[PDB]
Amino acid sequence: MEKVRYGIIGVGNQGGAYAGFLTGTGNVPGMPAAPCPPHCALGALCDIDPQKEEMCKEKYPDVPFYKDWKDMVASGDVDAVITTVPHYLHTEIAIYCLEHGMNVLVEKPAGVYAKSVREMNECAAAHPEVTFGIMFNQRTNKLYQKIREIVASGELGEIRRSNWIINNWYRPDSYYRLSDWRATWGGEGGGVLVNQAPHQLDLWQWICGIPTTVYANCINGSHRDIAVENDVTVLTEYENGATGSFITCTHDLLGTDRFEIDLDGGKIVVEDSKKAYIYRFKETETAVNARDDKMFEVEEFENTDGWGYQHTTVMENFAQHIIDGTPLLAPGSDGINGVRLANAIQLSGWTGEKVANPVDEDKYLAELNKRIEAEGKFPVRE
Amino acid sequence: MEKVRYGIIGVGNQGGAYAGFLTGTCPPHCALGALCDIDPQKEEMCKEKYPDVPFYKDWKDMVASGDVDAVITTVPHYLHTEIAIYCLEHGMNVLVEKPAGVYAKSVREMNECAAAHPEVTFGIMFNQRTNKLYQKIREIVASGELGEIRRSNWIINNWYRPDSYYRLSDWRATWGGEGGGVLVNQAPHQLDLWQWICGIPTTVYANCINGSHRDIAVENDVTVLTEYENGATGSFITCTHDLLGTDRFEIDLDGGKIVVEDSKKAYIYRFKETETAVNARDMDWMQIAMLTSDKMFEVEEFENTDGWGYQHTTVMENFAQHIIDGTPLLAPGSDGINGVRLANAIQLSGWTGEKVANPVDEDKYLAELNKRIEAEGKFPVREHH
Ligand SMILES: NC(=O)c1ccc[n+]([C@@H]2O[C@H](COP(=O)([O-])OP(=O)(O)OC[C@H]3O[C@@H](n4cnc5c(N)ncnc54)[C@H](O)[C@@H]3O)[C@@H](O)[C@H]2O)c1
Ligand SMILES: NC(=O)c1ccc[n+]([C@@H]2O[C@H](COP(=O)([O-])OP(=O)(O)OC[C@H]3O[C@@H](n4cnc5c(N)ncnc54)[C@H](O)[C@@H]3O)[C@@H](O)[C@H]2O)c1
């Protein structure tokens with residue numbers, strides 16, 4: 001049980017990268033690549049595009065190739081698959097694999113609409129022997145683990161506020177024109193929220209809990225020739241009375257990336273997703289208020305993860321679950337938290353109203369489908 | 001006239017400060033004409049500290065006395081428009097304190113009154129407009145040098161105020177006394193500044209928590225989203241329960257970025273090329289990769305701190321100068337309504353849980369305020385029309 005063979009569905013940008021990581025062919029001069037994880041190997045490659053097949057024949061000549069991912073699953077050349085394909089296919093593949101005893105590592109975001117993701121979760125719960133995971137690779141980052149640990153420990157008391165401005169992923173019209181599926185309601189089901197935002201959206205929920213209510217201002221085609229949102233401002237509320245805000249866009253040439261958490265007993269500020277300043281109050285504010293600088297102590301944490309580290313670490317973690325039951329950092333059921341939040345943001349955005357989180361699945365789907373229909377590029381979803 | 005005598009209505013903390021500045025216990029064109037307070041203790045203090053300065057219980061008597069050439073409304077906010085309107089109708093120059101008023105209806109009436117008596121000088125104490133820091137940022141934005149604004153965000157949590165502070169004043173933090181908490185107290189100078197530099201929001205969405213970690217009925221934790229005619233967005237966050245509050249004001253523009261830290265220091269980033277230009281170039285991913293990794297932007301730094309009394313005296317002097325020789329006002333009183341409307345819109349959004357257009361319906365706001373006043377039971381309900 002030394003190694004788990006992985007089949008990549010979609011040898012696109014992400015799929016290609018994964019293939020390189022598994023093969024040890026990942027490194028670019030000027031880019032260290034993480035070595036192949038011990039328990040991981042590349043079993044097979046699947047793509048519907050002939051050009052991709054040609055590339056696969058060239059770069060990976062001795063690696064079995066399949067046009068149809070169902071054929072790859074049945075081949076027994078692979079022990080698990082990774083869904084590096086457009087998001088709409090994620091739950092479709094997952095459900096099929098769970099029903100056919102095939103371990104599935106689903107890419108972010110888990111899916112486009114919460115209904116399909118819920119079905120996937122229920123399917124997995126009904127085939128528990130099958131390993132079911134999501135590629136929330138940022139959970140392998142010691143930075144976010146550090147912040148989660150401190151918050152969850154209750155050492156700094158309860159959260160009162162979170163604020164994350166993350167504007168540093170500039171993407172011009174030229175980038176948007178590169179992919180047909182990306183930035184299309186029918187292709188992606190959204191823009192920034194379904195692409196750049198999901199890892200962060202999961203992280204925010206993972207560290208700060210899941211918002212009870214979502215209010216969002218979503219601008220479609222902000223300084224860009226697309227129909228989907230790429231400038232988003234969100235307000236959230238939480239069971240315990242805390243508030244939150246999240247701001248992101250793809251038109252900022254010099255975007256802030258600053259994540260603040262304010263707590264009863266301290267404060268955390270994370271800059272550029274690398275460095276965290278942790279402030280511990282000598283006394284909780286509640287205590288200070290009751291009474292009627294030397295007052296705080298500051299701790300610093302910095303971590304940067306090298307190319308391939310996060311994805312390989314997930315791959316290895318996932319393999320290990322299959323092999324010896326090691327717990328998953330990213331159990332696939334968790335994928336729905338991020339999808340629900342993205343859906344709630346979009347629906348708030350579309351209706352101009354605050355919404356409870358999660359939103360009604362059918363209401364979201366209708367509004368998505370309406371947009372898909374108008375776009376006319378892709379089939380509506382049932 | 002060489003000097004304008006000022007009558008202070010409300011020798012409270014602000015009134016006292018002003019009195020000191022003018023006594024030198026002064027700006028060249030400014031003097032203290034008279035003091036007015038309804039509290040006997042204040043009168044006694046005024047007799048002690050300012051024995052040669054005429055004192056009046058009734059501010060209407062002070063106005064008519066001809067001991068003063070202008071008045072300053074250092075009294076609870078509900079009186080601001082009442083005094084202003086009276087003074088405009090009686091040819092008396094009036095410098096209205098922040099916020100201009102509690103509810104927009106009364107402030108609008110004040111503005112219309114002033115517009116009907118234009119010979120009377122009408123001003124507001126937006127003393128932060130005298131701060132070279134905010135002047136610098138306004139100038140750059142308004143010049144169009146950095147192109148249009150796309151986003152503003154101001155987190156300002158550094159005015160920690162515990163329950164003990166709230167207990168100090170009966171009028172403060174009461175719907176009937178103040179008409180709000182953080183929005184009517186700490187927030188107004190900032191709210192004006194935000195509007196002054198970034199324009200006035202078309203729409204306001206707000207999350208306002210009453211009695212956040214505090215034993216008060218009014219809001220003291222506020223998160224706001226705004227939209228603007230030109231498609232920009234904005235956010236404003238403030239509260240009085242943060243022991244170590246951020247104060248960071250960011251403006252993102254087509255052609256640069258501004259970040260102001262702790263209300264003292266500004267970092268100005270000027271893009272070599274505007275984003276619109278970069279987008280038009282349709283640069284390839286390698287070029288995009290080069291962008292994100294300092295060559296693209298240049299940084300300028302600006303820092304100013306204003307010493308005690310500078311801002312208030314400078315306004316006083318500016319105001320006097322308008323009366324004397326027509327010098328333009330840095331803070332024309334009509335502008336006071338921008339901040340009041342925004343505060344009202346924030347509150348009303350907060351109360352209804354819905355986005356609102358700015359400005360909101362005056363009667364709707366007043367009703368919701370009055371409902372809260374009635375429940376509080378500390379003060380009489382306020383009725384206009
Ligand atoms: N975990 C992460 O950090 C991360 C990073 C990037 C992308 N991803 C995820 O990977 C997915 C997209 O990969 P990408 O962004 O490289 O897209 P891409 O367009 O570069 O690659 C997709 C490939 O899938 C192929 N394809 C589409 N439908 C197929 C099908 N039914 N069978 C086989 N091949 C099919 C296409 O031919 C294409 O070659 C998305 O879910 C994205 O969110 C995750
Ligand atoms: N511009 C600034 O920097 C700044 C700073 C603080 C306060 N202020 C403003 O000053 C005003 C008062 O605030 P404060 O902190 O001085 O409060 P305060 O309660 O200390 O002072 C108000 C004073 O007015 C008196 N008063 C009430 N009704 C009166 C009446 N009818 N006639 C005469 N006196 C009357 C009270 O007895 C008291 O002495 C408010 O509008 C506040 O917004 C402005």
# chains A, B, ... in the order shown; residues from 1 in each chain; ligands from 1
>>> closest_atom_pairs(of="range 120-182 of chain B", to="range 156-170 of chain A", cutoff="12 Å", atoms="only C-alpha atoms", output="tab-separated table")
residue	atom	partner	partner_atom	distance
B:151	CA	A:167	CA	10.9
B:152	CA	A:165	CA	11.4
B:153	CA	A:165	CA	9.3
B:154	CA	A:163	CA	11.5
B:155	CA	A:163	CA	9.4
B:157	CA	A:161	CA	11.1
>>> closest_atom_pairs(of="chain B", to="ligand 2", cutoff="7 Å", atoms="only C-alpha atoms and all ligand atoms", output="Markdown table")
| residue | atom | partner | partner_atom_place_in_ligand_line | distance |
| --- | --- | --- | --- | --- |
| B:9 | CA | ligand 2 | 33 (C) | 5.0 |
| B:10 | CA | ligand 2 | 24 (O) | 3.1 |
| B:11 | CA | ligand 2 | 39 (O) | 4.8 |
| B:12 | CA | ligand 2 | 21 (O) | 3.2 |
| B:13 | CA | ligand 2 | 16 (O) | 4.1 |
| B:14 | CA | ligand 2 | 16 (O) | 3.7 |
| B:15 | CA | ligand 2 | 16 (O) | 5.4 |
| B:36 | CA | ligand 2 | 33 (C) | 5.3 |
| B:37 | CA | ligand 2 | 34 (N) | 3.5 |
| B:38 | CA | ligand 2 | 33 (C) | 4.5 |
| B:39 | CA | ligand 2 | 37 (O) | 4.7 |
| B:42 | CA | ligand 2 | 39 (O) | 6.2 |
| B:57 | CA | ligand 2 | 33 (C) | 6.5 |
| B:58 | CA | ligand 2 | 32 (N) | 6.0 |
| B:59 | CA | ligand 2 | 32 (N) | 5.9 |
| B:73 | CA | ligand 2 | 11 (C) | 6.7 |
| B:74 | CA | ligand 2 | 11 (C) | 4.0 |
| B:75 | CA | ligand 2 | 24 (O) | 4.0 |
| B:76 | CA | ligand 2 | 40 (C) | 4.8 |
| B:77 | CA | ligand 2 | 41 (O) | 4.5 |
| B:97 | CA | ligand 2 | 41 (O) | 5.0 |
| B:98 | CA | ligand 2 | 43 (O) | 4.8 |
| B:99 | CA | ligand 2 | 43 (O) | 5.6 |
| B:125 | CA | ligand 2 | 1 (N) | 5.5 |
| B:126 | CA | ligand 2 | 1 (N) | 6.5 |
| B:127 | CA | ligand 2 | 1 (N) | 6.2 |
| B:169 | CA | ligand 2 | 19 (O) | 6.4 |
| B:171 | CA | ligand 2 | 19 (O) | 6.8 |
| B:185 | CA | ligand 2 | 43 (O) | 6.1 |
>>> write_last_selection(atoms="N, CA and C atoms", output="mmCIF file, in the first residue's frame")
data_model
loop_
_atom_site.group_PDB
_atom_site.id
_atom_site.type_symbol
_atom_site.label_atom_id
_atom_site.label_comp_id
_atom_site.auth_asym_id
_atom_site.auth_seq_id
_atom_site.Cartn_x
_atom_site.Cartn_y
_atom_site.Cartn_z
ATOM 1 N N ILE B 9 -22.598 79.748 22.788
ATOM 2 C CA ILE B 9 -23.802 79.216 23.392
ATOM 3 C C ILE B 9 -23.438 77.821 23.841
ATOM 4 N N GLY B 10 -23.530 77.553 25.142
ATOM 5 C CA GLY B 10 -23.093 76.277 25.682
ATOM 6 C C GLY B 10 -21.628 76.349 26.061
ATOM 7 N N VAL B 11 -21.330 76.819 27.267
ATOM 8 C CA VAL B 11 -19.947 76.793 27.752
ATOM 9 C C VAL B 11 -19.709 75.424 28.386
ATOM 10 N N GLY B 12 -19.799 74.377 27.551
ATOM 11 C CA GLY B 12 -19.523 72.991 27.898
ATOM 12 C C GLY B 12 -18.057 72.692 27.628
ATOM 13 N N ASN B 13 -17.682 71.435 27.479
ATOM 14 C CA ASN B 13 -16.280 71.155 27.189
ATOM 15 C C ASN B 13 -15.830 71.883 25.919
ATOM 16 N N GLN B 14 -16.613 71.799 24.835
ATOM 17 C CA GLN B 14 -16.219 72.492 23.624
ATOM 18 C C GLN B 14 -16.277 74.014 23.792
ATOM 19 N N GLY B 15 -17.352 74.497 24.424
ATOM 20 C CA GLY B 15 -17.528 75.936 24.612
ATOM 21 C C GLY B 15 -16.415 76.528 25.463
ATOM 22 N N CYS B 36 -22.882 82.212 26.987
ATOM 23 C CA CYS B 36 -24.265 81.877 27.307
ATOM 24 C C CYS B 36 -24.366 80.420 27.753
ATOM 25 N N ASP B 37 -24.979 80.166 28.921
ATOM 26 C CA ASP B 37 -25.291 78.808 29.340
ATOM 27 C C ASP B 37 -26.536 78.827 30.222
ATOM 28 N N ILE B 38 -27.353 77.764 30.137
ATOM 29 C CA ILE B 38 -28.549 77.669 30.961
ATOM 30 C C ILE B 38 -28.218 77.086 32.332
ATOM 31 N N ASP B 39 -27.040 76.471 32.495
ATOM 32 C CA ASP B 39 -26.670 75.859 33.761
ATOM 33 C C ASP B 39 -26.095 76.920 34.696
ATOM 34 N N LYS B 42 -22.302 76.688 35.376
ATOM 35 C CA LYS B 42 -21.521 77.214 34.268
ATOM 36 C C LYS B 42 -21.423 78.731 34.365
ATOM 37 N N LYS B 57 -28.145 83.965 30.147
ATOM 38 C CA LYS B 57 -28.808 82.675 30.299
ATOM 39 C C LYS B 57 -29.481 82.285 28.980
ATOM 40 N N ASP B 58 -30.129 83.265 28.338
ATOM 41 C CA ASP B 58 -30.878 83.050 27.111
ATOM 42 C C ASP B 58 -30.041 83.524 25.927
ATOM 43 N N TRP B 59 -29.773 82.611 24.986
ATOM 44 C CA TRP B 59 -28.959 82.924 23.820
ATOM 45 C C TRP B 59 -29.645 83.952 22.913
ATOM 46 N N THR B 73 -22.497 77.352 18.127
ATOM 47 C CA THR B 73 -23.549 76.571 18.766
ATOM 48 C C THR B 73 -22.966 75.356 19.482
ATOM 49 N N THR B 74 -22.189 75.602 20.544
ATOM 50 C CA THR B 74 -21.602 74.531 21.331
ATOM 51 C C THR B 74 -22.614 74.020 22.352
ATOM 52 N N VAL B 75 -23.753 73.544 21.835
ATOM 53 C CA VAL B 75 -24.836 72.988 22.633
ATOM 54 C C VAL B 75 -25.252 71.658 22.011
ATOM 55 N N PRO B 76 -26.032 70.812 22.718
ATOM 56 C CA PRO B 76 -26.499 69.542 22.147
ATOM 57 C C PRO B 76 -27.092 69.769 20.757
ATOM 58 N N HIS B 77 -27.018 68.715 19.938
ATOM 59 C CA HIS B 77 -27.124 68.846 18.490
ATOM 60 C C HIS B 77 -28.542 69.269 18.104
ATOM 61 N N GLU B 97 -22.005 74.071 15.058
ATOM 62 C CA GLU B 97 -21.132 72.962 15.407
ATOM 63 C C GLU B 97 -21.512 71.712 14.626
ATOM 64 N N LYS B 98 -20.566 70.773 14.612
ATOM 65 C CA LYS B 98 -20.803 69.446 14.089
ATOM 66 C C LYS B 98 -21.554 68.645 15.144
ATOM 67 N N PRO B 99 -22.417 67.691 14.752
ATOM 68 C CA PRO B 99 -22.913 67.601 13.376
ATOM 69 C C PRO B 99 -23.900 68.748 13.167
ATOM 70 N N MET B 125 -18.424 74.034 11.732
ATOM 71 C CA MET B 125 -17.136 73.796 12.363
ATOM 72 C C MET B 125 -16.612 72.426 11.927
ATOM 73 N N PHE B 126 -16.269 72.329 10.641
ATOM 74 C CA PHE B 126 -15.623 71.135 10.126
ATOM 75 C C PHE B 126 -14.115 71.364 10.208
ATOM 76 N N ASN B 127 -13.588 71.305 11.428
ATOM 77 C CA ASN B 127 -12.270 71.842 11.746
ATOM 78 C C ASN B 127 -11.174 70.976 11.126
ATOM 79 N N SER B 169 -22.177 62.014 30.434
ATOM 80 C CA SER B 169 -23.126 63.022 29.957
ATOM 81 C C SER B 169 -24.509 62.410 29.756
ATOM 82 N N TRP B 171 -27.082 63.851 28.021
ATOM 83 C CA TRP B 171 -27.546 64.073 26.651
ATOM 84 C C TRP B 171 -26.869 63.131 25.645
ATOM 85 N N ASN B 185 -21.502 61.401 17.288
ATOM 86 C CA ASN B 185 -20.442 61.924 18.152
ATOM 87 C C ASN B 185 -19.057 61.863 17.497
#
>>> interface_residues(of="chain A", to="chain B", cutoff="6 Å", atoms="only C-alpha atoms", output="ChimeraX atom specification")
/A:172,174,289,292
>>> write_last_selection(atoms="C-alpha atoms", output="compact mmCIF listing (two decimals), in the first residue's frame")
# COMPACT_ATOMS: atom_id res chain seq x y z
CA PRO A 172 -6.83 42.32 -17.22
CA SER A 174 -6.50 39.85 -21.91
CA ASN A 289 -14.95 47.96 30.63
CA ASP A 292 -14.69 51.82 35.50
>>> atom_distance(atom1="CA of residue 107 in chain A", atom2="CA of residue 357 in chain A")
22.8 Å
>>> residues_near_ligand(ligand="ligand 1", cutoff="6 Å", atoms="only C-alpha atoms and all ligand atoms", output="PDB file with N, CA and C atoms, in the first residue's frame")
ATOM      1  N   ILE A   9      -8.366  14.350 -14.205  1.00  0.00           N
ATOM      2  CA  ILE A   9      -9.384  14.631 -15.200  1.00  0.00           C
ATOM      3  C   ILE A   9      -9.226  16.102 -15.525  1.00  0.00           C
ATOM      4  N   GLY A  10      -8.903  16.422 -16.774  1.00  0.00           N
ATOM      5  CA  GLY A  10      -8.612  17.791 -17.145  1.00  0.00           C
ATOM      6  C   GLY A  10      -7.128  18.061 -16.992  1.00  0.00           C
ATOM      7  N   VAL A  11      -6.324  17.746 -18.013  1.00  0.00           N
ATOM      8  CA  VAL A  11      -4.920  18.119 -17.983  1.00  0.00           C
ATOM      9  C   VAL A  11      -4.808  19.534 -18.545  1.00  0.00           C
ATOM     10  N   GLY A  12      -5.426  20.485 -17.829  1.00  0.00           N
ATOM     11  CA  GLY A  12      -5.378  21.896 -18.168  1.00  0.00           C
ATOM     12  C   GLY A  12      -4.280  22.537 -17.329  1.00  0.00           C
ATOM     13  N   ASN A  13      -4.399  23.837 -17.026  1.00  0.00           N
ATOM     14  CA  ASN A  13      -3.344  24.456 -16.259  1.00  0.00           C
ATOM     15  C   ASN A  13      -3.132  23.748 -14.924  1.00  0.00           C
ATOM     16  N   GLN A  14      -4.202  23.539 -14.154  1.00  0.00           N
ATOM     17  CA  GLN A  14      -4.026  22.906 -12.852  1.00  0.00           C
ATOM     18  C   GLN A  14      -3.636  21.432 -13.026  1.00  0.00           C
ATOM     19  N   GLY A  15      -4.296  20.740 -13.961  1.00  0.00           N
ATOM     20  CA  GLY A  15      -4.047  19.325 -14.162  1.00  0.00           C
ATOM     21  C   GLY A  15      -2.605  19.065 -14.578  1.00  0.00           C
ATOM     22  N   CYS A  46      -6.563  12.209 -18.258  1.00  0.00           N
ATOM     23  CA  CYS A  46      -7.773  12.262 -19.069  1.00  0.00           C
ATOM     24  C   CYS A  46      -8.052  13.693 -19.526  1.00  0.00           C
ATOM     25  N   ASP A  47      -8.243  13.888 -20.839  1.00  0.00           N
ATOM     26  CA  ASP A  47      -8.734  15.163 -21.355  1.00  0.00           C
ATOM     27  C   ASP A  47      -9.543  14.921 -22.628  1.00  0.00           C
ATOM     28  N   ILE A  48     -10.562  15.743 -22.861  1.00  0.00           N
ATOM     29  CA  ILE A  48     -11.397  15.643 -24.047  1.00  0.00           C
ATOM     30  C   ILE A  48     -10.761  16.394 -25.215  1.00  0.00           C
ATOM     31  N   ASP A  49      -9.776  17.266 -24.954  1.00  0.00           N
ATOM     32  CA  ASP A  49      -9.162  18.056 -26.010  1.00  0.00           C
ATOM     33  C   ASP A  49      -8.050  17.244 -26.658  1.00  0.00           C
ATOM     34  N   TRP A  69     -13.431  10.146 -18.834  1.00  0.00           N
ATOM     35  CA  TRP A  69     -13.011   9.929 -17.458  1.00  0.00           C
ATOM     36  C   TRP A  69     -13.686   8.696 -16.843  1.00  0.00           C
ATOM     37  N   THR A  84      -9.770  18.268 -12.014  1.00  0.00           N
ATOM     38  CA  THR A  84      -9.232  19.514 -12.543  1.00  0.00           C
ATOM     39  C   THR A  84      -9.927  19.858 -13.861  1.00  0.00           C
ATOM     40  N   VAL A  85     -11.256  20.004 -13.771  1.00  0.00           N
ATOM     41  CA  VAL A  85     -12.111  20.352 -14.892  1.00  0.00           C
ATOM     42  C   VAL A  85     -13.034  21.481 -14.443  1.00  0.00           C
ATOM     43  N   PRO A  86     -13.737  22.161 -15.382  1.00  0.00           N
ATOM     44  CA  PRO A  86     -14.677  23.212 -15.012  1.00  0.00           C
ATOM     45  C   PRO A  86     -15.592  22.777 -13.883  1.00  0.00           C
ATOM     46  N   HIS A  87     -16.049  23.756 -13.096  1.00  0.00           N
ATOM     47  CA  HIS A  87     -16.587  23.497 -11.771  1.00  0.00           C
ATOM     48  C   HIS A  87     -17.904  22.732 -11.883  1.00  0.00           C
ATOM     49  N   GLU A 107     -11.839  19.336  -6.770  1.00  0.00           N
ATOM     50  CA  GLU A 107     -11.181  20.627  -6.789  1.00  0.00           C
ATOM     51  C   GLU A 107     -12.086  21.695  -6.186  1.00  0.00           C
ATOM     52  N   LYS A 108     -11.454  22.822  -5.860  1.00  0.00           N
ATOM     53  CA  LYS A 108     -12.167  24.015  -5.450  1.00  0.00           C
ATOM     54  C   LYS A 108     -12.689  24.696  -6.703  1.00  0.00           C
ATOM     55  N   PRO A 109     -13.846  25.397  -6.637  1.00  0.00           N
ATOM     56  CA  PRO A 109     -14.772  25.274  -5.509  1.00  0.00           C
ATOM     57  C   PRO A 109     -15.459  23.916  -5.637  1.00  0.00           C
ATOM     58  N   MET A 135      -9.749  19.925  -2.395  1.00  0.00           N
ATOM     59  CA  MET A 135      -8.438  20.535  -2.540  1.00  0.00           C
ATOM     60  C   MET A 135      -8.462  21.941  -1.929  1.00  0.00           C
ATOM     61  N   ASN A 195     -13.581  31.837  -8.753  1.00  0.00           N
ATOM     62  CA  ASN A 195     -12.202  31.617  -9.195  1.00  0.00           C
ATOM     63  C   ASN A 195     -11.174  31.957  -8.106  1.00  0.00           C
TER      64      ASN A 195
END
>>> select_by_dssp(residues="range 180-214 of chain A", states="alpha helix (DSSP H)", output="ChimeraX atom specification")
/A:197-208
>>> write_last_selection(atoms="C-alpha atoms", output="PDB file, in the first residue's frame")
ATOM      1  CA  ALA A 197     -12.189  33.979  -3.943  1.00  0.00           C
ATOM      2  CA  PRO A 198     -13.015  30.306  -2.902  1.00  0.00           C
ATOM      3  CA  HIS A 199      -9.829  29.346  -1.055  1.00  0.00           C
ATOM      4  CA  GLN A 200     -10.118  32.618   0.869  1.00  0.00           C
ATOM      5  CA  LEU A 201     -13.864  32.202   1.443  1.00  0.00           C
ATOM      6  CA  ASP A 202     -13.277  28.766   2.976  1.00  0.00           C
ATOM      7  CA  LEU A 203     -10.369  30.131   5.047  1.00  0.00           C
ATOM      8  CA  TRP A 204     -12.487  32.985   6.377  1.00  0.00           C
ATOM      9  CA  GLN A 205     -15.209  30.549   7.398  1.00  0.00           C
ATOM     10  CA  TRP A 206     -12.705  28.014   8.719  1.00  0.00           C
ATOM     11  CA  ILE A 207     -11.005  30.561  11.035  1.00  0.00           C
ATOM     12  CA  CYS A 208     -14.054  32.765  11.830  1.00  0.00           C
TER      13      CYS A 208
END
>>> residues_around(residues="residue 265 in chain B", least_positions_apart="4", cutoff="10 Å", atoms="only C-alpha atoms", output="MDAnalysis selection string")
chainID B and resid 133 248 259:261 301:305
>>> residues_around(residues="range 310-322 of chain A", least_positions_apart="6", cutoff="9 Å", atoms="only C-alpha atoms", output="ChimeraX atom specification")
/A:3-6,18,21-22,34-40,80,103,105,130-141,328-330
>>> atom_distance(atom1="CA of residue 49 in chain B", atom2="CA of residue 17 in chain B")
12.2 Å
>>> decode(residues="range 340-351 of chain A", atoms="N, CA, C and O atoms", output="PDB file, in the first residue's frame")
ATOM      1  N   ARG A 340     -21.877  27.614  -0.302  1.00  0.00           N
ATOM      2  CA  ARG A 340     -23.041  28.301   0.237  1.00  0.00           C
ATOM      3  C   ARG A 340     -22.750  29.790   0.381  1.00  0.00           C
ATOM      4  O   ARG A 340     -23.600  30.615   0.064  1.00  0.00           O
ATOM      5  N   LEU A 341     -21.551  30.129   0.871  1.00  0.00           N
ATOM      6  CA  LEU A 341     -21.246  31.524   1.125  1.00  0.00           C
ATOM      7  C   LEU A 341     -21.195  32.275  -0.206  1.00  0.00           C
ATOM      8  O   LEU A 341     -21.741  33.370  -0.328  1.00  0.00           O
ATOM      9  N   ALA A 342     -20.557  31.658  -1.208  1.00  0.00           N
ATOM     10  CA  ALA A 342     -20.448  32.263  -2.525  1.00  0.00           C
ATOM     11  C   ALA A 342     -21.842  32.467  -3.126  1.00  0.00           C
ATOM     12  O   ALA A 342     -22.133  33.520  -3.697  1.00  0.00           O
ATOM     13  N   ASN A 343     -22.707  31.462  -2.976  1.00  0.00           N
ATOM     14  CA  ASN A 343     -24.077  31.550  -3.465  1.00  0.00           C
ATOM     15  C   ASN A 343     -24.806  32.689  -2.755  1.00  0.00           C
ATOM     16  O   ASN A 343     -25.521  33.462  -3.385  1.00  0.00           O
ATOM     17  N   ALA A 344     -24.636  32.785  -1.433  1.00  0.00           N
ATOM     18  CA  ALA A 344     -25.352  33.782  -0.653  1.00  0.00           C
ATOM     19  C   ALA A 344     -24.889  35.173  -1.070  1.00  0.00           C
ATOM     20  O   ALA A 344     -25.703  36.082  -1.226  1.00  0.00           O
ATOM     21  N   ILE A 345     -23.578  35.326  -1.264  1.00  0.00           N
ATOM     22  CA  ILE A 345     -23.035  36.594  -1.702  1.00  0.00           C
ATOM     23  C   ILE A 345     -23.675  36.970  -3.037  1.00  0.00           C
ATOM     24  O   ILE A 345     -24.144  38.089  -3.193  1.00  0.00           O
ATOM     25  N   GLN A 346     -23.693  36.035  -3.991  1.00  0.00           N
ATOM     26  CA  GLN A 346     -24.198  36.332  -5.323  1.00  0.00           C
ATOM     27  C   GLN A 346     -25.672  36.732  -5.271  1.00  0.00           C
ATOM     28  O   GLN A 346     -26.076  37.678  -5.943  1.00  0.00           O
ATOM     29  N   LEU A 347     -26.455  36.004  -4.466  1.00  0.00           N
ATOM     30  CA  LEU A 347     -27.897  36.171  -4.436  1.00  0.00           C
ATOM     31  C   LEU A 347     -28.240  37.496  -3.764  1.00  0.00           C
ATOM     32  O   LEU A 347     -29.173  38.184  -4.179  1.00  0.00           O
ATOM     33  N   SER A 348     -27.508  37.820  -2.692  1.00  0.00           N
ATOM     34  CA  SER A 348     -27.635  39.124  -2.069  1.00  0.00           C
ATOM     35  C   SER A 348     -27.342  40.199  -3.110  1.00  0.00           C
ATOM     36  O   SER A 348     -28.083  41.169  -3.249  1.00  0.00           O
ATOM     37  N   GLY A 349     -26.243  39.980  -3.835  1.00  0.00           N
ATOM     38  CA  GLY A 349     -25.789  40.874  -4.884  1.00  0.00           C
ATOM     39  C   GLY A 349     -26.855  41.081  -5.952  1.00  0.00           C
ATOM     40  O   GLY A 349     -27.090  42.201  -6.387  1.00  0.00           O
ATOM     41  N   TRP A 350     -27.508  39.991  -6.361  1.00  0.00           N
ATOM     42  CA  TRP A 350     -28.498  40.070  -7.419  1.00  0.00           C
ATOM     43  C   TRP A 350     -29.783  40.749  -6.950  1.00  0.00           C
ATOM     44  O   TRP A 350     -30.416  41.439  -7.743  1.00  0.00           O
ATOM     45  N   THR A 351     -30.165  40.551  -5.682  1.00  0.00           N
ATOM     46  CA  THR A 351     -31.455  41.025  -5.198  1.00  0.00           C
ATOM     47  C   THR A 351     -31.332  42.363  -4.468  1.00  0.00           C
ATOM     48  O   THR A 351     -32.350  42.988  -4.203  1.00  0.00           O
TER      49      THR A 351
END
